[PDB]
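Participant: Take a look and give me a structure for this.
(chains A, B, C, D, E, F and G)
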Amino acid sequence: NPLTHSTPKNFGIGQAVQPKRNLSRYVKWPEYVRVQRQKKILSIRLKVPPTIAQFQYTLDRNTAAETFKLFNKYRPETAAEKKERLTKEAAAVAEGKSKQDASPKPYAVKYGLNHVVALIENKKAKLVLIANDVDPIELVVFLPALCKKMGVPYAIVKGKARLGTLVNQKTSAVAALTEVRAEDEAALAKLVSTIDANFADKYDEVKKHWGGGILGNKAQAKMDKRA
Amino acid sequence: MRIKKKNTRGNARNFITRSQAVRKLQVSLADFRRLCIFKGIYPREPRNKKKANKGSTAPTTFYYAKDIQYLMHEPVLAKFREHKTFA
Amino acid sequence: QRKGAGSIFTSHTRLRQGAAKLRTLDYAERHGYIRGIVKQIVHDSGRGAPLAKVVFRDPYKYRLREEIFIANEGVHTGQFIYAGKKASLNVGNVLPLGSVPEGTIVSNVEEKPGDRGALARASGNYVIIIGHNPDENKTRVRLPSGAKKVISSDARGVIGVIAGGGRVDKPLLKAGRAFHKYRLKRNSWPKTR
Amino acid sequence: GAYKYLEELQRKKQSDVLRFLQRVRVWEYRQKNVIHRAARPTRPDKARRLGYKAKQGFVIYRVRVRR
Amino acid sequence: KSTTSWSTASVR
RNA sequence: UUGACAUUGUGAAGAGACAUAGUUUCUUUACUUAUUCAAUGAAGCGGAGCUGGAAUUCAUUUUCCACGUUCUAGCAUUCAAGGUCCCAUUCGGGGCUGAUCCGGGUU
RNA sequence: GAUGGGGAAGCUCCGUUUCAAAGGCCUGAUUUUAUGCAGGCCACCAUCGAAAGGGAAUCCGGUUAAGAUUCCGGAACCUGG
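Facilitator: Numbers count the residues shown, from 1 in each chain, chains lettered A, B, ... in the order given. The protein structure is shown below:
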């Protein structure tokens, strides 16, 4: 190692050119990025009423996975299957017999907002899943109260695209299980009992307690050094 | 009449670099390499390597800008983009 | 009441050197010091004090980055100027108000820390520091007019008095010398009662 | 349908659940330009009874005017 | 001839 | 130049009204998220840890500068040389460190 | 004097780098997942505005009713490839 020397630099405060560092804290982001971030923050910092933030109490990981294991067995019928059953009934309406009564009863979820609000107050819905992120929140802000009123097993789920997956839309904002097959009665019963024990009971506080009076980072360190 | 910008015409215009070529075709390095074989378009050595690279001697591959103007049309390129969309 | 629109009551800006301003208070200026060389002292059309071309280096890129001070009486080409919090006490250095002992004299002092110099900027003038206030850091000064003001202790100011002192002793003696004096400031001469 | 509960709740404009959203959204809009495009109606009950219909060719704009 | 803005160059 | 209503929100404390069980009004003192002002080709901010220390300890940590730059009209630029651990050893390339860590605030 | 923006019921007004996602270069068997882009670097303002300001390069001789540092003869020079 005879020719190779050691010329360390002194990045100092007076003699060097400061090396490249990760300055991603001070990037001047675009306006839309700044706005979405600051809306998130301004919502974390303010006291919110108790009907908002009555969300943010969703099904935990295991129970959401278990709920979707069952709800995915009832995906509504798609375009190709629709045309195929239409071709079958097309054959049978005149040849053997069908009054739209050759193919059996269909069982699938119910996913319209007007439809599910009209399915409650009947009352036939057996379990209601309500997405927790609707941007105009006042669309769903009143569903838990009506559900508890009419005595329906509601549960609030994390994600609306997640709901839309089992309906074959992009977002769906509500879903309902109204009637299930024969092999799934025990599954649905145990699931509604689980939702009872985990959502109805774990959250007797939610009715009170305006949430969101959280301080920043610098303000918090200021108060915590003061007191 | 408009003295004329010592680094435009001649060797500097006859050839184009590999990075310039790919940036112009707007595909990728792998797709460029496959298309340059399907055609096939080979690399060239200029008679003034300093007069082409505008001042320098850095190992580089040059490609006959007219060859790549003919390569830009190439109905295979759109098939490649269609496969990307299908993916 | 006609000078407001500004058709012919602007300023004459062709021969002016530029805005005389201190450096932008960056990391080194607020944590340590930094050095520069004074390279030429020049006339500026319209002022009464001579300007000074100080050349610093760029801490963040391989470059040079030259400023324009207002020369204090005593500096000379080839001098090293120091700027920051850890600067010494010599004529020419720019220091923060909190780090100069009472009784001292500064010039071109800032008003709100980071605005680059408001008070004591004309030829000959200086401003005395009369005391501090460490708890709730503040500082008391004495402006040229005789006012006793109080400002923050992180506002900078360059040590000394402004050059060119004495400009108002020699009479003008002539309408022509007032003509040549105000020819380069604005359109105010001759006057009407 | 849920529109009866939507349009009834939209009538209590001084309740807390609404006068908090008023303050969130009036901040949010004050950053975008004076006139911009809205991705979707923000009173989908009030637009429907004025003539809106959720099919191609119906557009919603948002405009801010001085007082 | 050429009737459009972009043609396919037809010629090596 | 003054008074009023609206934009206008979060506490603490003091007194009144529920007539010794918690909802409302005047008072002072704090807050920061609204709104206001200025700068930066949003570069080193927060109080606060951590190693360094001194300083001084009344039980054990609280306040200070971060502490790589001051005889001189020189120079400072190529993912930074070194140290160390792998490749597939070939023209060399990768990893940590040199350059402490955290943060839903550019100052 | 356009754009980014902001005023005005409106013809239109302010302002010129401003509070904007304001483009243009390098390398790549980037390595494993096998027909889908990877790693980087640099920063500033459209445009108009002078036949007296700035600025690449030409001379002599002859020639017509009326043209010439321009046409003819000769001898040169600048810019780009």
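Participant: tally of neighbours for residue A:110?
Facilitator: Residue A:110: 20 surrounding residues under other C-beta atoms under 10 Å in any protein chain shown. C-beta coordinates here come from the backbone N, C-alpha and C atoms, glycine included.
Participant: ditto for the one 3 residues further on
Facilitator: In terms of burial, residue A:113 registers 19 neighbours under the definition other C-beta under 10 Å.
Participant: Contact partners for it?
Facilitator: A:139, A:173, A:174, D:2 (C-beta atoms under 8 Å, 6 or more residues apart in numbering or on different chains).
Participant: Likewise for residue A:56?
Facilitator: Residues near residue A:56 by C-beta under 8 Å, 6+ apart: A:132, A:211.
Participant: which residues sit against the biggest helix by length in chain C?
Facilitator: For chain C, the longest helix by residue count, based on DSSP state H, is helix C:175-182. Contact with helix C:175-182 is made by C:172, C:188, C:189, as judged by C-beta under 8 Å, 6+ apart.
Participant: Going by distance to residue E:8, which of these wins?
Facilitator: Closest approach between these and residue E:8, by C-beta to C-beta: residue C:188, at 73.0 Å.
Participant: As TSV, the contacts of helix C:175-182 with secondary structure and neighbour count would be great.
Facilitator: What follows is the contacts of helix C:175-182, written out as TSV (DSSP: H, G, I helix; E, B strand; the rest coil; neighbours: other C-beta atoms under 10 Å in any protein chain shown):
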residue	secondary structure	neighbour count
C:172	coil	12
C:188	coil	9
C:189	coil	12
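Participant: Chain D next: which of the residues you listed are close?
Facilitator: Checked against chain D using C-beta under 8 Å from any C-beta of the partner chain, the contacts of helix C:175-182 yield no neighbours at all.
Participant: between those, which is nearest residue B:44?
Facilitator: residue C:188 (72.1 Å).
Participant: Any idea how far the longest helix of chain C is from the middle of the chain?
Facilitator: Computed by C-alpha atoms, centre = their mean, to the nearest Å, the chain-centroid distance of helix C:175-182 equals 26 Å.
Participant: now swap in stretch A:170-178 and tell me
Facilitator: That offset, for stretch A:170-178, works out to 11 Å (C-alpha atoms, centre = their mean).
Participant: that older thread, same list, the contacts of helix C:175-182, but as TSV with distance to RNA strand G please.
Facilitator: What follows is the contacts of helix C:175-182, written out as TSV (distance: C-beta to the nearest atom of the strand, whole Å):
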residue	distance to RNA strand G
C:172	34
C:188	22
C:189	27
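Participant: List the buried residues for stretch A:46-61?
Facilitator: For stretch A:46-61, a neighbour-count test (16 or more other C-beta atoms under 10 Å in any protein chain shown) marks A:48, A:49, A:51, A:52, A:53, A:54, A:55, A:58, A:59 as buried.
Participant: hang on, the earlier thing: give me the subset of the contacts of residue A:113 that also touch chain B.
Facilitator: Counting by C-beta under 8 Å from any C-beta, no member of the contacts of residue A:113 reaches chain B.
Participant: If you rank the residues you listed by neighbours, which is first?
Facilitator: Among the contacts of residue A:113, the one with the most neighbours (other C-beta under 10 Å) is residue A:174, at 29 neighbours.
Participant: I'd assumed residue A:127 was in contact with that one.
Facilitator: No: in this structure, residue A:174 is not within contact of residue A:127 by C-beta atoms under 8 Å, at 11.4 Å.
Participant: Tell me where the longest strand sits in chain C.
Facilitator: In chain C, assigned by DSSP state E, the strand with the most residues is strand C:33-42.
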